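Here is the structure we will look at, set down as structure tokens.
Keep in mind that the numbers below use all heavy atoms, side chains included, and drop hydrogens, waters and symmetry copies. Quick note: residue numbers are just sequence positions, from 1.
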Amino acid sequence: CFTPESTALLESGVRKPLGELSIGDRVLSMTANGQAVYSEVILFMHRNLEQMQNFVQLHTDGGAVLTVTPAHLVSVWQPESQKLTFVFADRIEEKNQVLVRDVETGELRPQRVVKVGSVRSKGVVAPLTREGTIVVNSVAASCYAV
């Protein structure tokens with residue numbers, strides 16, 4: 001799950017916080033091969049704005065900050081094997097590479113994690129897109145926490 005203040009990018013340039021994102025909205029998502037696409041939000045697997053929760057906070061070298069629950073699946077680039085995979089947020093370490101939207105090109109490109117923090121805050125949201133993934137605060141993630 002994500003925090004409700006986290007940002008989705010909608011198809012017509014709109015930004016919406018996850019706590020106000022609605023079914024039917026089309027949001028930026030990443031395909032299994034790493035391409036950016038728009039995908040409709042079709043349901044919420046979880047949506048509780050009052051639920052207190054411990055979150056991992058991943059800060060990237062380019063200034064994206066992803067706040068997700070420990071078992072949330074986050075996209076990771078492995079440069080030695082040149083392969084995209086998913087890793088639990090709680091397993092991600094500094095210097096691991098996540099996939100971040102470049103404002104210059106709109107592509108999702110690898111960026112190093114520069115800080116791993118934690119926070120306890122209120123509200124959890126898990127929108128599901130048709131693609132099964134979502135770009136949140138410019139960082140590519142699964143829709144799923146395990």
Side-chain angles (χ1 to χ4, degrees), residues 1-11 13-19 21 23-48 51-121 123-146:
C1 291
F2 308 91
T3 60
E5 300 86 3
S6 295
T7 307
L9 189 154
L10 278 64
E11 106 177 276
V14 189
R15 315 293 202 259
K16 279 192 188 181
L18 260 55
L21 186 64
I23 56 168
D25 285 340
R26 288 210 187 100
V27 304
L28 192 66
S29 297
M30 191 178 69
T31 70
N33 284 157
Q35 273 314 119
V37 298
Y38 294 126
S39 192
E40 184 174 12
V41 177
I42 57 198
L43 59 85
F44 286 81
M45 295 180 293
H46 201 59
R47 189 179 182 278
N48 187 341
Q51 174 177 327
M52 292 301 309
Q53 170 75 47
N54 283 3
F55 292 93
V56 175
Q57 193 163 81
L58 304 177
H59 306 241
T60 75
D61 183 60
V65 181
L66 183 66
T67 305
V68 283
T69 59
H72 200 94
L73 295 171
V74 177
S75 288
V76 169
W77 175 247
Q78 296 161 313
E80 74 283 8
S81 77
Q82 303 225 80
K83 284 222 181 273
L84 286 171
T85 192
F86 287 101
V87 178
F88 284 137
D90 199 55
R91 300 178 68 206
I92 291 179
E93 304 182 325
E94 290 185 14
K95 312 185 181 44
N96 287 177
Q97 290 175 52
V98 295
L99 285 297
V100 181
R101 169 189 183 260
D102 285 337
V103 180
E104 302 100 315
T105 64
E107 297 174 25
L108 294 147
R109 297 305 304 159
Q111 272 188 29
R112 297 203 180 272
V113 173
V114 298
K115 180 184 173 180
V116 178
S118 58
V119 66
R120 184 168 186 79
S121 58
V124 289
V125 190
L128 181 61
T129 63
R130 302 187 52 236
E131 190 68 34
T133 62
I134 185 172
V135 178
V136 174
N137 296 328
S138 290
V139 185
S142 183
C143 295
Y144 292 90
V146 166

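With rounding to the nearest 0.5 angstrom, the OG1 atom of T133 is 11.5 Å from the CG atom of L73. Atom CZ of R15 and atom CG of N137 lie 11.5 Å apart (nearest 0.5 Å). From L108, atom CG reaches atom CG of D102 across 8.0 Å, with rounding to the nearest 0.5 Å.
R112 places a side-chain N or O within 3.5 Å of a backbone atom of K95 that can act as its donor or acceptor partner. Of the possible polar contacts, one joining the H72 side chain to the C1 backbone as a donor-acceptor pair under 3.5 Å is found.
With sequence neighbours excluded, the residues forming a side chain to side chain donor-acceptor pair (under 3.5 Å) with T3 are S6, listed by chain and number. In terms of the side chain to side chain contact (heavy atoms under 4.5 Å, CB included) criterion, residue partners of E11 (sequence neighbours excluded) are, by chain and number, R26, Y38.
Judged by the 6.0 Å distance and 45° axis criteria, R91 is not positioned over the aromatic ring of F88.
More than 12 heavy atoms of other residues, nucleotides or ligands lie within 6.0 Å of CD1 in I42, so this atom counts as buried by the packing criterion.
Inter-residue side-chain proximity for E40 and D25 is flagged as unmet; no heavy-atom pair is nearer than 4.5 Å. Using a 4.5 Å cut-off on side-chain heavy atoms (C-beta onward), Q57 and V65 make contact. A heavy-atom distance below 4.5 Å is not found between the side chains of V139 and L58.
Nearest heavy-atom pair across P70 and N54 is CD-O, 3.5 Å. In this structure, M45 and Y144 approach most closely via the heavy-atom pair SD-CE2, 3.5 Å. Taking all atoms of both residues into account, the shortest heavy-atom contact from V136 to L66 is O-CD1, 3.6 Å. Contact detail for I134 and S142: the closest heavy-atom pair is CG2-O, 4.0 Å. Between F2 and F55 the shortest heavy-atom distance is C-CE2, 3.9 Å. In terms of heavy atoms, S29 sits closest to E131 at CB-CB, 4.1 Å.
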Please assess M52 against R120 for the test side-chain contact (heavy atoms from CB on, under 4.5 Å), listing each intermediate value before the final yes or no. CA-CA 7 Å; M52 292 301 309; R120 184 168 186 79; 3.5 Å; yes

Between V113 and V98, is the side-chain contact (heavy atoms from CB on, under 4.5 Å) condition met? List the steps. CA-CA 7 Å; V113 173; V98 295; 3.9 Å; yes

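When the options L18, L128, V125 are evaluated for a side chain to side chain contact (heavy atoms under 4.5 Å, CB included) with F44, the one that passes is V125.
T60 and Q111 share a donor-acceptor pair across their side chains, judged by distance under 3.5 Å alone.
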